[PDB]
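S.K.: Chains as they are written, first to last, in PDB author numbering: chain A, 27 to 66, 81 to 140, 164 to 172, 186 to 242, 263 to 299; chain B, 300 to 442, 448 to 501, 503 to 676, 690 to 744; chain C, 696 to 811, 813 to 827, 854 to 1140; chain D, 943 to 1091; chain E, 943 to 992. Heads up, the beta-carbon is just placed ideally off N, CA and C, and yes, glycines get one too.
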Amino acid sequence: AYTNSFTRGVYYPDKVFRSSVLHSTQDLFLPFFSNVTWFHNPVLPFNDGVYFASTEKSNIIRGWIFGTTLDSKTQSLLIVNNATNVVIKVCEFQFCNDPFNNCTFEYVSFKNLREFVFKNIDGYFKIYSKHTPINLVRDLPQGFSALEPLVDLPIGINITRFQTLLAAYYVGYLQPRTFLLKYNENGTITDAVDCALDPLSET
Amino acid sequence: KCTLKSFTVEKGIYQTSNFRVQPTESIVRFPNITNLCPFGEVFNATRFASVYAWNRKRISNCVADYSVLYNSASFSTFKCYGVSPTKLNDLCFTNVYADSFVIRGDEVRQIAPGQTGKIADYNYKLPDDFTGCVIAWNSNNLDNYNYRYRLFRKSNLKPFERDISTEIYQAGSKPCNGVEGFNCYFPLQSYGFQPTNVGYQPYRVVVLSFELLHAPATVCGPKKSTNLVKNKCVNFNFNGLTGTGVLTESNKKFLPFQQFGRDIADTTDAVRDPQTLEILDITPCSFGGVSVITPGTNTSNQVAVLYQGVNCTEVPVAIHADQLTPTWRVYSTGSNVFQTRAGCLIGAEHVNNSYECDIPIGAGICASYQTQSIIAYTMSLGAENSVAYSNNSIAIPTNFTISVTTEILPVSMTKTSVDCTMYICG
Amino acid sequence: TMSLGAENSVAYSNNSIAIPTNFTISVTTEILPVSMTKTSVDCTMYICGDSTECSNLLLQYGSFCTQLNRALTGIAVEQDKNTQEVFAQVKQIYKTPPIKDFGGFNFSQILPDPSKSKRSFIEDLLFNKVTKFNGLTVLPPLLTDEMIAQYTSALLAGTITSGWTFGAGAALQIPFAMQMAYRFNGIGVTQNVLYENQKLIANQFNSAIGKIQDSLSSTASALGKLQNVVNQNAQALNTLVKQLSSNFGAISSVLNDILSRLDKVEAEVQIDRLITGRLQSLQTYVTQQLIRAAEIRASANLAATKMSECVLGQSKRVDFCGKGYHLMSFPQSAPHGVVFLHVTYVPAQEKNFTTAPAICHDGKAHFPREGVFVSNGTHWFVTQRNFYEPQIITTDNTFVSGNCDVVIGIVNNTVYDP
Amino acid sequence: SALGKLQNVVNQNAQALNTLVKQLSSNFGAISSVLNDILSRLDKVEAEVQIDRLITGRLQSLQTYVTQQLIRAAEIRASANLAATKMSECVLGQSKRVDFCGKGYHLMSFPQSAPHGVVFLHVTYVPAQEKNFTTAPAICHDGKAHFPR
Amino acid sequence: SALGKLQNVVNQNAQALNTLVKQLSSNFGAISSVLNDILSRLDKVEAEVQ
Ligand SMILES: *[C@@H]1O[C@H](CO)[C@@H](O[C@@H]2O[C@H](CO)[C@@H](O)[C@H](O)[C@H]2NC(C)=O)[C@H](O)[C@H]1NC(C)=O
Ligand SMILES: *[C@@H]1O[C@H](CO)[C@@H](O[C@@H]2O[C@H](CO)[C@@H](O)[C@H](O)[C@H]2NC(C)=O)[C@H](O)[C@H]1NC(C)=O
Ligand SMILES: *[C@@H]1O[C@H](CO)[C@@H](O[C@@H]2O[C@H](CO)[C@@H](O)[C@H](O)[C@H]2NC(C)=O)[C@H](O)[C@H]1NC(C)=O
Ligand SMILES: *[C@@H]1O[C@H](CO)[C@@H](O[C@@H]2O[C@H](CO)[C@@H](O)[C@H](O)[C@H]2NC(C)=O)[C@H](O)[C@H]1NC(C)=O
Ligand SMILES: *[C@@H]1O[C@H](CO)[C@@H](O)[C@H](O)[C@H]1NC(C)=O
Ligand SMILES: *[C@@H]1O[C@H](CO)[C@@H](O)[C@H](O)[C@H]1NC(C)=O
Ligand SMILES: *[C@@H]1O[C@H](CO)[C@@H](O)[C@H](O)[C@H]1NC(C)=O
Ligand SMILES: *[C@@H]1O[C@H](CO)[C@@H](O)[C@H](O)[C@H]1NC(C)=O
Ligand SMILES: *[C@@H]1O[C@H](CO)[C@@H](O)[C@H](O)[C@H]1NC(C)=O
Ligand SMILES: *[C@@H]1O[C@H](CO)[C@@H](O)[C@H](O)[C@H]1NC(C)=O
Ligand SMILES: *[C@@H]1O[C@H](CO)[C@@H](O)[C@H](O)[C@H]1NC(C)=O
Ligand SMILES: *[C@@H]1O[C@H](CO)[C@@H](O)[C@H](O)[C@H]1NC(C)=O
Ligand SMILES: *[C@@H]1O[C@H](CO)[C@@H](O)[C@H](O)[C@H]1NC(C)=O
Ligand SMILES: *[C@@H]1O[C@H](CO)[C@@H](O)[C@H](O)[C@H]1NC(C)=O
Ligand SMILES: *[C@@H]1O[C@H](CO)[C@@H](O)[C@H](O)[C@H]1NC(C)=O
Ligand SMILES: *[C@@H]1O[C@H](CO)[C@@H](O)[C@H](O)[C@H]1NC(C)=O
Ligand SMILES: *[C@@H]1O[C@H](CO)[C@@H](O)[C@H](O)[C@H]1NC(C)=O
Ligand SMILES: *[C@@H]1O[C@H](CO)[C@@H](O)[C@H](O)[C@H]1NC(C)=O
């Protein structure tokens, strides 16, 4: 099943403050008005990087797994969010396809929409997110959002494939594009242009 | 005189220098990390990796004194590419990556950006714009047959790519697949290291890559931090970003991940102090065109000095806060001082009368030499005249004058011509 | 496919003439730029950013920084000359009379607002519609905007109270309804045509000035010529500033990175690329400012000419002082330029008439002293050629030259003798 | 100082040539600014590197001089076109254009030659001693309104 | 010969463009004026200078 992306999945591209300004950037972004896949879980290609989103009500989704084999044979990134923290491991070990070795890194830290972005750059994993209330039902809602960074992992893992750890959720794929970003007075991204979308956006 | 290359100067206003508020203090700030990085656990590690499967250690969250490593005379080379090795202690980096491996000593020549050689083709490749250092030394204590390198590959490997493929590489179509033969070869072979080998002898190599991201820094030189000053022109360094300016307390709504701020011109405009989360604004120390107002040197040696755009409160300390000399600071500490919209004017008397503009200054101000001293005044547009209009009165001329007014126009330049080949090549 | 205009086959024939019977006084706005924003750049602080290690390398290039400071200073002083030659054509600040007895004409929207700079009402609209520190600087003009508004008010008070006379000699007072009769007579319309229509003419003028306020208040699109001068200098400065961020082949565009990371012999090679790039970037700016200054000077010489000919006089140069037959114009100040309100006479409501080059009387040819012969279909008249006012044909309306037989298309009539 | 216009045509060209000449003495980052030093002291294979810096600087110096002279020649041409116009309208005629041939009303003018230029002596009428009078735009004689011819 | 002004506007545009095109053949000190020669006769670290 499907929905249109609208303009969602913009994020702060760098750790710099800028204000009352239009700034132009080239980066991996979700193309505006792209076709996000929607789901009622199956294992999916990761491509260049992922936009992942889900609608909150009952907290069924609790984590993610990323890799190429995932279930041992080589190292895989595991992410969990439960009880009081986010928890992360990069093990080459094996586990069941559902909730209840060589873990060369470890870290610890409908009514709503929760948005996430994943990509491989400098240290070679990144997470960004946004979390806000909703009253739209059974689709990705229109209107603007800008994801703040959460974390950078120095972990060097190689990923091509991923799976959700356990309803409604959405998936989309980033592509290298040029964007024009509207930073307001509080240095907050408040609008954007996807320069490749249409001849007016290119103008 | 020295600006015009002349001993005589005509009546006028002349630009001669750019004034600059000189800094009084120097500030150094870094994150106060007490840990020392484990370089002994690299250069004195027990046994190094091969060149085909080289080992990378990320090095982080510490002070580092690279000058100690640079003084290790065992290192037959310490060559650096985007930095000169004496400077390392001045800097701070967002990460460091150390790569460790062993080769025969003659191969060290290949461990550099953009070079040709089978190590650069098939084992270890620096990008052509690398930023870091290369370190190597002989190691006959390692002499032994374990030290593999790659002799063939189907294509050359990428910058910082690595390849643990232990395949029998089919140079032809033939799938020999588990045993070698014609056009199908195992591509890894190893140096036989013994003291009887000099370029055939075992050498240890370490390559240090530095990272210089926009994120807060992580590995710093030993340079100790100092206290902070506000509302004064200071030389400064934060995390190895450096300059001179007026620091202030500032209100800018940085989000918690943002480390520093930029203006519409993309110039650095604010920073967060590495030891305290306060945002500091950065403003340039004041500058502006010095111009000299003079009657002709045939008439007087008196002058006035205009500091264009500068506020009169910032000028007088130019005793040391600008390019001055003892007699020149009289045009800074003493005489008359007069603020104008064009800048601070020093050495001319403000006057409440108005006259025709003799020497122009700007924003309606002009200056002249009169009862004697240089004066400054608002220029006069000419005498006011209420014309005696009414709906039935006319005035008619009873007499006339012929006049003869000279008008001069340019018509031709001098007909210069230049032989470009004789001008350039003589 | 664009249309070049509506087509019109003119109703020509060898004995038909068309003569206007009414007119519209019309006010046409015209806008000219007069000066750039005065700028100066310290090439040492731009290229080298207060580094002495850089400044020493720049000495090896010899004269260039002196030569660029000279070029920009020559531009900057010329902007004060351009601003002076347009407005400062009047030697005394003429002051407006207290009572406004100008024969029905209402200048209150173009004369000063007494409650203030002392700008007119329209000069306030014109000021409202028109809209970093790396060693670049912006200098003030010599004349302040209040001095400019005193010059436009002095030019205007002279023009209203004394006609052209304040340019050619001492200003002579003249009543305004007499000045306009001289201006009507200047376009070949007889003096009585003003007085016999004075209330209508005053209403047409007052209403036309009102439509200028509505037009200027309603749309920004008229002042494009001035807003372009602002926009070009804004883009030129921003391009010159952003070229500091380019590498030109150096390891960084920030000069302190080079000086902090590298020892002298390496650092100097990197810095010399930034010097070479920034120096070429600065020559490219100064070259375009020299060419752009000549374009504004050509416009300032044109504005100075329109102020001598249209304001201090009444020009006969066709379509120079607005389209139509020119009567007068009024200057109004604007940021970086000037606005002229050209008052013009446009003829209207034409009628066809039969016509002839001459009239036969007693075997001899008569020709009109001024204007043309016409007939309404039954009677023959003479009229001034710009506004239909037929007269009975007489020996003092006319002059004589020889026998009938030479003239191609002459007609017989009585000529009356006073 | 009356001839300030013509004296500027001389001074601007003297400064242009002296700046162009002095730039021959600049190093531009070569070993020396005298070409015979390099050609004496150095082997060809090295001397090419030095000589190409001198060529690069001297060529940019000359391109800057020629570009400024193209712009300055256009300014002088604008003055020559204006002078040719004042000779046609003011000398060979009687201009009726306000302030074109000097202040006052134009009677005639006379040209005089001058170094690098031309001088016009514009002869003009100026009215000089007014008196006030009462005035009225028309005179009614018997009911008919009269106006002056 | 009467239309010499208009014929100069044509000739000056042609002479300018022919000279701008002919300048693609010049070396400016480089090893060749055919770009693919530099891209095929040298390794990157030399080729970028040329
Ligand atoms: C018109 O003005 C001229 C001056 O421009 C007057 O001529 C002068 O007359 C006095 C005697 O009244 C002589 O002393 C001067 O030498 C004359 N000057 C010249 C240049 O000849 C003239 O008198 C005035 N005429 C009237 C009627 O006012
Ligand atoms: C001259 O014209 C102006 C408008 O162009 C007239 O000003 C208006 O006057 C009336 C009252 O008489 C007010 O209701 C309006 O608000 C005024 N308009 C403005 C913009 O102030 C003025 O009355 C006329 N004066 C004469 C003497 O004719
Ligand atoms: C042409 O103009 C003349 C003068 O205006 C007209 O002649 C007058 O006509 C009226 C009646 O319409 C008579 O009362 C006058 O006595 C006539 N005057 C003369 C001088 O005879 C004439 O009617 C007009 N003809 C046309 C075709 O319009
Ligand atoms: C103007 O009137 C005269 C008479 O006053 C006309 O002259 C006569 O013309 C006829 C032919 O139309 C001849 O037969 C007569 O011999 C002429 N008489 C004289 C005294 O020459 C004349 O033709 C009229 N003009 C026009 C253009 O019709
Ligand atoms: C989304 O993809 C499906 C095919 O998998 C296609 O039929 C559908 O039209 C697409 N929708 C949009 C909005 O592009
Ligand atoms: C990542 O790993 C997969 C197999 O796990 C491999 O096919 C792919 O080529 C690897 N990518 C890189 C860049 O090494
Ligand atoms: C998160 O889940 C793990 C088991 O998957 C659990 O051990 C841990 O206690 C949870 N996190 C926190 C902060 O309690
Ligand atoms: C970790 O991986 C290595 C091979 O890479 C293997 O020898 C070792 O037994 C593994 N250890 C665990 C605990 O998985
Ligand atoms: C900036 O943020 C504050 C709250 O932190 C808010 O009051 C203010 O209105 C914001 N400014 C704008 C332009 O939205
Ligand atoms: C640095 O030292 C001061 C004083 O000991 C302390 O307040 C501060 O918290 C330290 N920095 C960090 C990163 O904790
Ligand atoms: C390695 O060990 C030697 C002593 O065997 C010591 O002098 C040297 O400083 C050590 N180097 C490092 C980087 O620890
Ligand atoms: C100086 O110049 C003035 C003219 O401005 C002249 O009158 C005076 O005699 C000169 N004096 C000297 C000493 O040159
Ligand atoms: C000059 O600086 C002082 C600093 O207190 C300020 O109050 C004053 O307004 C300034 N004046 C101008 C003209 O800049
Ligand atoms: C000049 O004007 C200032 C105020 O503008 C006043 O304080 C001063 O007394 C005046 N002096 C004279 C002589 O008018
Ligand atoms: C002339 O035109 C005006 C309107 O512009 C009109 O009011 C007037 O009546 C007309 N007069 C004649 C005689 O047609
Ligand atoms: C003159 O009259 C003809 C018809 O006889 C008509 O077509 C034409 O439009 C009229 N022209 C004018 C100027 O009124
Ligand atoms: C006007 O010209 C025509 C020829 O086109 C001719 O027949 C006619 O007689 C002429 N009329 C007059 C009054 O000359
Ligand atoms: C004209 O007469 C008035 C009468 O008040 C007087 O003010 C004015 O000065 C006189 N002007 C001349 C030129 O005589």
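1) Does the segment 793-805 of chain C touch the segment 705-716 of chain C, meaning 3 or more C-beta pairs lie closer than 8 Å?
2) I want to see whether chain B comes within less than 8 Å of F43/A, judged by CB atoms only; does it?
3) Following the continuous beta strand (DSSP E) through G431/B, name the residue where it begins and the one where it ends.
4) Considering only C-alpha positions, which residue in the set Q1054/D, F1052/D, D1041/D, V1061/D is nearest to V1068/D?
5) Give me the subset of the segment 886-900 of chain C whose CB atoms are less than 9 Å from a CB atom of chain D, sorted by chain position.
6) What does the shell around ligand 4 hold, if a residue joins when its beta-carbon is under 6 Å from any heavy atom?
7) What I want to know is whether the C-beta of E132/A ends up closer than 7 Å to one or more non-hydrogen atoms of ligand 8.
8) Closer than 6 Å by C-beta to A1025/C: which residues in its own chain qualify, once you throw out the five before and the five after it? Chain order, please.
9) Out of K790/C, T723/C, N1125/C, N1023/C, point me to the one whose CA is closest to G880/C's CA.
10) Listing by chain order, which chain B residues have their CB less than 7 Å from the CB of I997/D?
11) Can you list every residue whose CB sits closer than 7 Å to some heavy atom of ligand 5, going in chain order?
12) What are the residues in the segment 596-621 of chain B lying within 7 Å of chain D by C-beta distance?
13) By how many angstroms is the C-alpha of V951/C removed from the C-alpha of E1017/C?
14) Rounded to a whole number of angstroms, what is the C-alpha to C-alpha distance between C1082/D and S810/C?
15) Consult DSSP for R1019/D and reduce its assignment to one of helix, strand or coil.
16) May I have the straight-line CA-CA distance separating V722/B from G885/C, to the nearest angstrom?
17) What is the chain-ordered set of residues for which the beta carbon lies under 6 Å from any non-hydrogen atom of ligand 7?
18) Within the structure, which residues are defined as neighbours of ligand 12 by a Cβ-heavy atom distance below 7 Å, reported in chain order?
19) Verify the contact flag: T236/A, CB atom, against every heavy atom of ligand 6, threshold strictly below 7 Å.
20) Since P715/B sits in a beta bridge, which residues does DSSP pair it with?
21) Cutting at 7 Å between CB atoms, please list the residues of its own chain near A1080/C, excluding the five before and the five after it.
22) Quick check: the segment 625-638 of chain B against the segment 311-323 of chain B, are there 3 or more CB pairs under 8 Å?
23) Compile a chain-ordered list of the residues in the segment 724-743 of chain B whose CB is closer than 9 Å to at least one CB of chain D.
24) On the three-pair Cβ rule with 8 Å, is the segment 507-518 of chain B touching the segment 390-400 of chain B?
25) Sorted by chain position, which residues of the same chain lie with C-beta nearer than 6 Å to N540/B's C-beta, five sequence neighbours on each side aside?
26) Strictly by DSSP, which residues pair up with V401/B?
27) Tell me the DSSP secondary structure of residue 667/C in three-state form.
28) Using only the alpha-carbon positions, how far apart do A1070/D and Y1047/D sit?
29) If you scan the segment 1044-1099 of chain C from start to end, which runs of the beta strand (DSSP E) of 3 or more residues do you find wholly inside it?
30) Could you tell me how far apart the beta carbons of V1033/C and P1057/C are, in whole angstroms, since I believe they sit closer than 8 Å?
31) Just to confirm, is the Cβ distance from residue 447/B to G311/B under 8 Å?
32) To which residues does DSSP link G485/B through a beta bridge?
33) Is it true that the CB of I742/C sits closer than 8 Å to the CB of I997/C?
M.R.: Straight from the coordinates:
1) At 8 Å Cβ cutoff, the stretches do not touch.
2) For the purposes of this step, residue 43/A is identified with residue 17 of the first sequence, where counting begins at 1. Taking 8 Å as the threshold, the shortest C-beta distance from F43/A to chain B falls below it.
3) By 1-based counting over the second sequence, the position of residue 431/B is 132. First-last of the beta strand (DSSP E) with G431/B: 431-437.
4) Taking the fourth sequence and counting its residues from 1, the one referred to as residue 1068/D is at position 126. Taking each of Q1054/D, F1052/D, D1041/D, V1061/D in turn and checking the Cα distance to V1068/D, the smallest one comes out for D1041/D.
5) The residues in question are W886, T887, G889, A890, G891, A892, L894, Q895, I896, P897, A899, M900.
6) Qualifying residues come out as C1082/C, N1134/C.
7) Here residue 132/A refers to the residue found at position 92 when the first sequence is read from its first residue. Within the cutoff, so yes.
8) The residue given as residue 1025/C occupies position 303 in the third sequence. Shown here for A1025/C: same chain residues with a beta carbon closer than 6 Å to its own, the five before and five after excluded, namely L727, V729, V781, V1060 in chain order.
9) Taking the third sequence and counting its residues from 1, one reaches residue 880/C at position 158. With distances taken between Cα atoms, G880/C lies closest to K790/C.
10) What you label residue 997/D is simply residue 55 of the fourth sequence in a count that begins at 1. Result: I742.
11) A Cβ closer than 7 Å to some heavy atom of ligand 5 marks a residue here, and those residues are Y28/A, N30/A, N61/A.
12) Taking 7 Å as the cut-off between beta carbons, none of the residues of the segment 596-621 of chain B comes near chain D.
13) Taking the first residue of the third sequence as 1, we reach residue 1017/C at position 295. Taking the first residue of the third sequence as 1, we reach residue 951/C at position 229. About 11 Å.
14) For the purposes of this step, residue 1082/D is taken as residue 140 along the fourth sequence, with counting starting at 1. For the purposes of this step, residue 810/C is taken as residue 115 along the third sequence, with counting starting at 1. Taking the straight line joining both Cα atoms gives about 44 Å.
15) Numbered from 1 along the fourth sequence, position 77 holds the residue referred to as residue 1019/D. The answer is helix: DSSP assigns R1019/D an H, G or I state.
16) Here residue 722/B is taken as the residue at index 404 of the second sequence, counted from 1. Here residue 885/C is taken as the residue at index 163 of the third sequence, counted from 1. Within the model, the alpha-carbon separation for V722/B versus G885/C is close to 24 Å.
17) Selection output, chain order preserved: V120/A, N122/A, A123/A, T124/A, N125/A, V127/A.
18) That gives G601/B, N603/B, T604/B.
19) Start at 1 with the first residue of the first sequence, and residue 236/A comes out as number 160. In terms of side-chain proximity, the C-beta atom of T236/A is found nearer than 7 Å to a non-hydrogen atom of ligand 6.
20) Here residue 715/B corresponds to residue number 397 of the second sequence, with the count starting at 1. According to DSSP, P715/B bridges with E1072/D.
21) Taking the first residue of the third sequence as position 1, residue 1080/C is located at position 358. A1087, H1088, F1089, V1129, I1132.
22) Taking a cut-off of 8 Å on C-beta distances, the segment 625-638 of chain B touches the segment 311-323 of chain B, as three or more cross pairs fall below it.
23) Going along the segment 724-743 of chain B in chain order, one finds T724, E725, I726, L727, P728, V729, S730, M731, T732, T734, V736, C738, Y741, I742, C743 with a Cβ nearer than 9 Å to chain D.
24) Yes, the segment 507-518 of chain B is in contact with the segment 390-400 of chain B.
25) Start at 1 with the first residue of the second sequence, and residue 540/B comes out as number 235. Contacts found: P322, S325, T549.
26) Locating residue 401/B in the second sequence gives position 102, where the first residue counts as 1. According to DSSP, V401/B bridges with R509/B.
27) With chain C covering only 696 through 1140, there is no way to say anything about residue 667/C.
28) Translated into the one-based positions of the fourth sequence, residue 1070/D becomes position 128. Translated into the one-based positions of the fourth sequence, residue 1047/D becomes position 105. One C-alpha to the other measures close to 12 Å.
29) Runs of the beta strand (DSSP E) inside the segment 1044-1099 of chain C: 1047-1056, 1059-1076, 1086-1090, 1094-1097.
30) Your numbering for residue 1033/C matches position 311 in the third sequence. Your numbering for residue 1057/C matches position 335 in the third sequence. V1033/C to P1057/C, Cβ: 20 Å. No contact.
31) Residues lacking coordinates in chain B include everything strictly between 442 and 448, among them residue 447/B.
32) On the second sequence, residue 485/B is found 181 positions in, with the first residue counted as 1. DSSP output for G485/B lists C488/B as bridge partner(s).
33) Locating residue 997/C in the third sequence gives position 275, where the first residue counts as 1. Locating residue 742/C in the third sequence gives position 47, where the first residue counts as 1. Judged by their CB atoms, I997/C and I742/C are nearer to each other than the 8 Å cut-off.
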